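*Asks:*
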Amino acid sequence: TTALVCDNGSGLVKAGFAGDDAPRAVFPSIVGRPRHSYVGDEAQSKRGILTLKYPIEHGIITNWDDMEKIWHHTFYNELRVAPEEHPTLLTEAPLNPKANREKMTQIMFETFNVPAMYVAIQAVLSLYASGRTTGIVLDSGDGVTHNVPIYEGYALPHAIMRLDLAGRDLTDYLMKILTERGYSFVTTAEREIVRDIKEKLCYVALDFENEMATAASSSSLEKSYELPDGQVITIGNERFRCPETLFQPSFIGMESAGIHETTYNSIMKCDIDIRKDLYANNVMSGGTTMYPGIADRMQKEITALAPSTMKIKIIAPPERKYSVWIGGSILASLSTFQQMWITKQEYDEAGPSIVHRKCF
Amino acid sequence: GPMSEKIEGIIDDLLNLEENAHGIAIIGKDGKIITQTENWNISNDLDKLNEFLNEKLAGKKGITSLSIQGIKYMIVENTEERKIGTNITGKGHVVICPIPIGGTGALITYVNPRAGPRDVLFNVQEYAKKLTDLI
Ligand SMILES: Nc1ncnc2c1ncn2[C@@H]1O[C@H](COP(=O)(O)OP(=O)(O)OP(=O)(O)O)[C@@H](O)[C@H]1O
Ligand SMILES: C/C1=C/C(=O)O[C@@H]2C[C@@H](CC[C@H](C)/C=C\CC1)O[C@@](O)([C@@H]1CSC(=O)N1)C2
Ligand SMILES: [Mg+2]
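Sequences listed follow chains A and B, in order. Using this note's numbering, the first residue of the first sequence is number 7, and each one after it goes up by one. Using this note's numbering, the first residue of the second sequence is number 184, and each one after it goes up by one.
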């Protein structure tokens, strides 16, 4: 009894026990190996004697040997379980390749010997955490942003939009624009300090041009921030020019439409008869959706795109940093889900391809 | 191709295997009806069904709903192996399995509105494959 829920992101692992309200463990998705293995916070602690890597890139697992070390660490060191004793729900990105999902299933059953497992789409889980089975999610994390329209739990055909601009890219841009102001932020360690600045002081302008004017004509938007070396800096219009990039990806030399337009384009790939439910149920999921102002900005931009009488609602749950995980906790704990798991027996009969039958 | 008792038997078998298959139709590669169960009739919707089975996506939105015998279905899954439609007001679901994979024949199953089309996909897909050479 008691299932496990592991939500694997590009930057952070969220892991815990089904039926808990929050993840037990949240830790960096990094693996370090001696110069010439450790995982997470310990790997970071020993960075001076290791080479660090992220095994997940833009939501997609790209280093499988390292990703195995992540799962081992999750089970043994973070949750303190034997994986053979617990059904394990994992998560995946929209559009994850067939091979990726087979390989996850192969590793769980052959290496971790789990008795049962399931793989759910991240945005489907977030949507479900808000108490919905229909809606369009904007899921924006450390490595990737997606627009995922969903109807009665199905991600809709050919309507998902993927954008490789998320929180890490925003930190990097804030480093660059603070460097233009006269400070210097270049190193990995400097990048972490700048991530903290971004999390604490950034926000999305309701009207970006108007906000630019207020910055240039007064100090009412300036904030101070003490660095680890004691130096106190001042940040002004960078507070909102950093997350403006989500709306104007040209700021970092990307040709993409902003997240407002990719929302609209996603909805426009869906049937006429379901678009009103999508507009009325725009759920935001992921750490990059945390900026103050983001829901109201998105409300404004979508209203400008959508048909003039369309009813629009942006939902931005207070717990949305971990809503993927939470939706997984709720789902894996449900009496009615217990027949959905892929069993060891089912895997033994059909091999890795059983995942396409069962996790749908 | 013409109906046959070899096809009749495979359908008999499917209908007993899958409780919640509440209607069946077979379209041949020429887009003509080979057979269908007596409890429904797709005949008047064949033009739009065939347009859907022949569709080549352009990243332009394609067909996202379809109607069969006055029931409108939202397409919620669309691969070369299986297409799922579901009516937005509880009037049922359809599963369309092209024969061959990605091709212009099809095994179409009408699914009990009280059931889930996810649960029938496996067998309907296998049974579409059994029909490949018959036609
Ligand atoms: N309050 C905040 N304001 C802005 N950004 C934040 C905030 N809190 C977290 N973030 C950013 O969110 C990101 C982490 O979010 P999350 O755990 O959702 O991503 P992930 O699951 O690791 O990544 P992905 O979903 O892209 O694979 C980091 O870039 C972090 O700096
Ligand atoms: C507190 C914390 C937050 C985070 O989001 O962490 C994740 C994981 C982290 C891994 C490297 C870091 C040095 C280790 C631990 C920090 C983890 O990389 C990030 O900080 C990257 C680099 S800067 C950025 O915005 N994302 C995001
Ligand atoms: Mg994520």
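C-beta: ideal position from N, C-alpha, C; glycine also.
Using the Cβ count rule (16 or more neighbours within 10 Å means buried), how would you classify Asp195/B?
*Replies:* By 1-based counting over the second sequence, the position of residue 195/B is 12. With fewer than 16 other Cβ atoms within 10 Å, it is exposed.
*Asks:* Verify whether the separation of the beta carbon atoms of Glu158/A and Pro121/A is less than 8 Å.
*Replies:* Within the first sequence, the letter at position 152 stands for residue 158/A. Within the first sequence, the letter at position 115 stands for residue 121/A. Taking 8 Å as the Cβ cut-off, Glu158/A and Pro121/A do not qualify as a contacting pair.
*Asks:* Counting only runs that start and end within the stretch 42-75 of chain A, where is the beta strand (DSSP E) found for 3 or more residues in a row?
*Replies:* 56-59, all fully within the stretch 42-75 of chain A.
*Asks:* Is there contact here, the stretch 14-23 of chain A with the stretch 74-93 of chain A, by at least three beta-carbon pairs under 8 Å?
*Replies:* Cβ pair count under 8 Å is three or more, so yes.
*Asks:* Among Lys350/A, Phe366/A, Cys365/A, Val361/A, which one has its Cα closest to the Cα of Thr117/A?
*Replies:* Indexing the first sequence from 1 puts residue 117/A at position 111. Of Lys350/A, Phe366/A, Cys365/A, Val361/A, the residue nearest in Cα terms is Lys350/A.
*Asks:* Does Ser248/B get closer than 8 Å to chain A when you measure Cβ to Cβ?
*Replies:* In the second sequence, counting from the first residue as 1, residue 248/B sits at position 65. With 8 Å as the cut-off, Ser248/B counts as an interface residue toward chain A.
*Asks:* Can you list, in chain order, the residues of its chain with a C-beta nearer than 6 Å to that of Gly214/B? Leave out the 5 residues immediately preceding and following it.
*Replies:* Indexing the second sequence from 1 puts residue 214/B at position 31. Within the same chain, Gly214/B has close Cβ partners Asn233.
*Asks:* May I ask which residues mark the beginning and end of the alpha helix (DSSP H) holding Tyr310/B?
*Replies:* Counted from its first residue, the second sequence places residue 310/B at position 127. Start and end: 304-314.
*Asks:* Relative to the C-alpha of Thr194/A, which residue among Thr57/A, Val289/A, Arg363/A is closest?
*Replies:* Sequence index remark: in the first sequence, residue 194/A carries index 188 (1-based). Of the listed residues, the one whose Cα sits closest to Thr194/A is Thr57/A.
*Asks:* Whose C-beta lies closer than 8 Å to the C-beta of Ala219/A among residues of the same chain, with five residues either side of it excluded?
*Replies:* Position 213 of the first sequence, counted from the start, is the residue given in the question as residue 219/A. The answer is none, since no qualifying residue turns up.
*Asks:* Just to confirm the assignment, what range does the alpha helix (DSSP H) spanning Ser272/A have?
*Replies:* Taking the first sequence and counting its residues from 1, one reaches residue 272/A at position 266. Residues 265-274.
*Asks:* Roughly how many angstroms lie between the CA atoms of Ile282/B and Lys306/A, to the nearest whole one?
*Replies:* Your numbering for residue 282/B matches position 99 in the second sequence. Your numbering for residue 306/A matches position 300 in the first sequence. Rounded to the nearest angstrom, the two C-alpha atoms are 47 Å apart.
*Asks:* By alpha-carbon positions, which one of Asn306/B, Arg297/B, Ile271/B, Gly273/B ends up nearest to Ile279/B?
*Replies:* Along the second sequence, one-based indexing puts residue 279/B at 96. It is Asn306/B whose Cα lies nearest to the Cα of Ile279/B.
*Asks:* Please write down, chain order preserved, every residue whose beta carbon lies under 6 Å from a heavy atom of ligand 2.
*Replies:* Counting every residue whose Cβ lies closer than 6 Å to a heavy atom of ligand 2, we get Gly17/A, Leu18/A, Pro34/A, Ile36/A, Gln50/A, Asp148/A, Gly173/A, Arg174/A, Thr177/A, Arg197/A, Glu198/A, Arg201/A.
*Asks:* So within the stretch 127-189 of chain A, which uninterrupted alpha helix (DSSP H) runs reach at least 4 residues, ignoring any that extend past its ends?
*Replies:* Listed in chain order, they are 128-135, 173-187.
*Asks:* Run through the DSSP bridge pairs and tell me what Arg39/A is partnered with.
*Replies:* Stepping through the first sequence from its first residue, residue 39/A is reached at position 33. The partner list for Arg39/A (beta bridge, DSSP) reads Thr57/A.
*Asks:* How about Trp70/A and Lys109/A: do their beta carbons lie closer than 8 Å?
*Replies:* Your numbering for residue 70/A matches position 64 in the first sequence. Your numbering for residue 109/A matches position 103 in the first sequence. Contact: yes.
*Asks:* Under 8 Å between the Cβ atoms of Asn237/B and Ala298/B?
*Replies:* Here the question's residue 237/B lines up with position 54 in the second sequence. Here the question's residue 298/B lines up with position 115 in the second sequence. No, these two residues do not count as a Cβ contact at 8 Å.
*Asks:* Between which two residues does the beta strand (DSSP E) harbouring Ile254/B extend?
*Replies:* To locate residue 254/B, count along the second sequence from 1; it is residue 71. From DSSP, the beta strand (DSSP E) with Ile254/B extends over 254-261.
*Asks:* Quick one: Cα of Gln112/A to Cα of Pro100/A, how far?
*Replies:* Counting from 1 along the first sequence, the entry for residue 112/A is found at position 106. Counting from 1 along the first sequence, the entry for residue 100/A is found at position 94. Approximately 20 Å, taken between the alpha carbons.
*Asks:* Rounded to whole angstroms, what is the Cα-Cα separation between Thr287/B and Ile258/B?
*Replies:* Taking the first residue of the second sequence as position 1, residue 287/B is located at position 104. Taking the first residue of the second sequence as position 1, residue 258/B is located at position 75. Rounded to whole angstroms, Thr287/B to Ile258/B spans 18 Å at the Cα level.
*Asks:* Check whether the Cβ atoms of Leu249/B and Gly268/B sit closer than 8 Å, and answer yes or no.
*Replies:* Sequence index remark: in the second sequence, residue 249/B carries index 66 (1-based). Sequence index remark: in the second sequence, residue 268/B carries index 85 (1-based). For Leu249/B and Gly268/B, yes; Cβs fall inside 8 Å.
*Asks:* Measuring alpha carbon to alpha carbon, tell me which of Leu240/B, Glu188/B, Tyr293/B, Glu260/B ends up nearest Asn222/B.
*Replies:* Looking up residue 222/B in the second sequence gives position 39. Minimum Cα distance to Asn222/B is reached at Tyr293/B.
*Asks:* For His42/A, count the other beta carbons within 10 Å of its own beta carbon; 16 or more makes it buried, fewer makes it exposed. Which is it?
*Replies:* Along the first sequence, read from residue 1 onward, the residue named residue 42/A stands at position 36. It counts as exposed.
*Asks:* Keeping to the same chain, check which residues put their C-beta closer than 7 Å to that of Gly334/A; ignore five residues upstream and five downstream.
*Replies:* Position 328 of the first sequence, counted from the start, is the residue given in the question as residue 334/A. Contacts found: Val11, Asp13, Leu95, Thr97, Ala126, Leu131.
*Asks:* Quick one: list the residues of chain B neighbouring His164/A, beta-carbon separation under 8 Å, in chain order.
*Replies:* Within the first sequence, numbered from 1, the residue matching residue 164/A stands at position 158. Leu240, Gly242, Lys244, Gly245, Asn261, listed in chain order.
*Asks:* Please tell me whether, using a cut-off of 7 Å, the distance from the CB of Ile127/A to the nearest non-hydrogen atom of ligand 1 is below it.
*Replies:* For the purposes of this step, residue 127/A is identified with residue 121 of the first sequence, where counting begins at 1. No, since every heavy atom of ligand 1 falls outside the 7 Å radius drawn around the Cβ of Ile127/A.
*Asks:* Distance check for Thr151/A and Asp230/B, CA to CA, integer angstroms please.
*Replies:* Within the second sequence, residue 230/B is the residue found at index 47, counting from 1. Within the first sequence, residue 151/A is the residue found at index 145, counting from 1. Using only the alpha carbons, I get a separation of about 39 Å.
*Asks:* Alpha carbon to alpha carbon, how far is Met114/A from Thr295/A? Give it in angstroms, no decimals.
*Replies:* On the first sequence, residue 295/A is found 289 positions in, with the first residue counted as 1. On the first sequence, residue 114/A is found 108 positions in, with the first residue counted as 1. If you take the alpha carbons of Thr295/A and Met114/A, they lie about 31 Å apart.
*Asks:* Going along the chain, which residues of its own chain have a beta-carbon closer than 8 Å to the beta-carbon of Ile67/A, five neighbours each way excluded?
*Replies:* Counting from 1 along the first sequence, the entry for residue 67/A is found at position 61. Only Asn14, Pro61, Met73, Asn106, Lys109, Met110 meet the Cβ criterion.
*Asks:* Using a Cβ-Cβ distance cut-off of 8 Å, determine whether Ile258/B contacts chain A.
*Replies:* Numbered from 1 along the second sequence, position 75 holds the residue referred to as residue 258/B. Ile258/B counts as touching chain A.
*Asks:* Under a CB-based cut-off of 8 Å, is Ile265/A close to chain B?
*Replies:* Sequence index remark: in the first sequence, residue 265/A carries index 259 (1-based). Not one chain B Cβ lies under 8 Å of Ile265/A.
*Asks:* Just checking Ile62/A against ligand 1 - is the residue's beta carbon closer than 7 Å to any of the ligand's heavy atoms?
*Replies:* Here residue 62/A refers to the residue found at position 56 of the first sequence. Because some heavy atom of ligand 1 lies under 7 Å away, the Cβ of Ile62/A counts as near it: yes.
*Asks:* By Cβ distance, which residues of its chain are closer than 6 Å to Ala135/A, with the 5 residues on each side in sequence left out?
*Replies:* One-based indexing of the first sequence puts residue 135/A at position 129. Cβ neighbours of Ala135/A beyond the five flanking positions: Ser329, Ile332, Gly333.
*Asks:* With a threshold of 8 Å, are at least 3 pairs of Cβ atoms found where one atom belongs to the stretch 247-254 of chain A and the other to the stretch 202-210 of chain A?
*Replies:* Flag = yes, the stretch 247-254 of chain A and the stretch 202-210 of chain A touch.
*Asks:* Taking 7 Å as the cut-off, does the CB of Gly22/A come closer than this to any heavy atom belonging to ligand 3?
*Replies:* Here residue 22/A is taken as the residue at index 16 of the first sequence, counted from 1. No, since every heavy atom of ligand 3 falls outside the 7 Å radius drawn around the Cβ of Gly22/A.
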